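Colleague: my complex, part one, positions kept as in the full thing:
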Amino acid sequence: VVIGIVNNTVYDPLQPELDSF
C-alpha cells in the first residue's frame, strides 16, 4: 500500500543476543 517504499534490513537487537546465547 505505501507509495515509494524501499527495501532495507531492519536490525533487531534481540536476535544477536539469542544467537550468542
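Modeller: Alright, I've got the coordinates. Numbering: from 1, shown residues only, chains lettered A, B, ... in the order given.

Colleague: where's the one residue sitting closest to the centre of chain A, which helix or strand?
Modeller: Central residue of chain A (CA atoms, centre = their mean): residue A:10, 2.5 Å from the mean position. Secondary structure assignment for residue A:10, by DSSP states H and E: no helix or strand.

Colleague: got phi/psi on it?
Modeller: The phi/psi pair for residue A:10 (degrees, to the nearest 10) reads phi -110, psi 120.

Colleague: so who does it touch?
Modeller: Counting by CB atoms under 8 Å, 6 or more residues apart in numbering, residue A:10 makes contact with nothing. The way it works is simple: take the backbone N, C-alpha and C, and place the C-beta from them, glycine included.

Colleague: then chain B, please:
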Amino acid sequence: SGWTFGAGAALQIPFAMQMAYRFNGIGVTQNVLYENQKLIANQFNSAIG
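Modeller: Just below you will find chain B, in place on the chains above:
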C-alpha cells in the same frame, strides 16, 4: 519545503512526506497518510474544487 522556509533554510522535502509530518502534528500516526494517500489526495483535490 514545508515549514522550514519560515525558520530560514527552505529545506526541500517530498510533499507526501511533509503531509505525513502534518499528520504527526495533529496526533495521527504518519502511516495513516501513506496508507490512505490516494484518498487524502482525492479529498484535497475535491475540496479545492
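
Colleague: can you list the residues of chain B near chain A?
Modeller: Residues of chain B found near chain A (CB under 8 Å from any CB of the partner chain) are B:14, B:16, B:34-35, B:37.

Colleague: ok, now with 6 Å
Modeller: By CB under 6 Å from any CB of the partner chain, the residues of chain B that approach chain A are B:34-35, B:37.

Colleague: contacts for stretch B:14-21?
Modeller: B:2, B:30, B:33, B:37 (CB atoms under 6 Å, 6 or more residues apart in numbering or on different chains).
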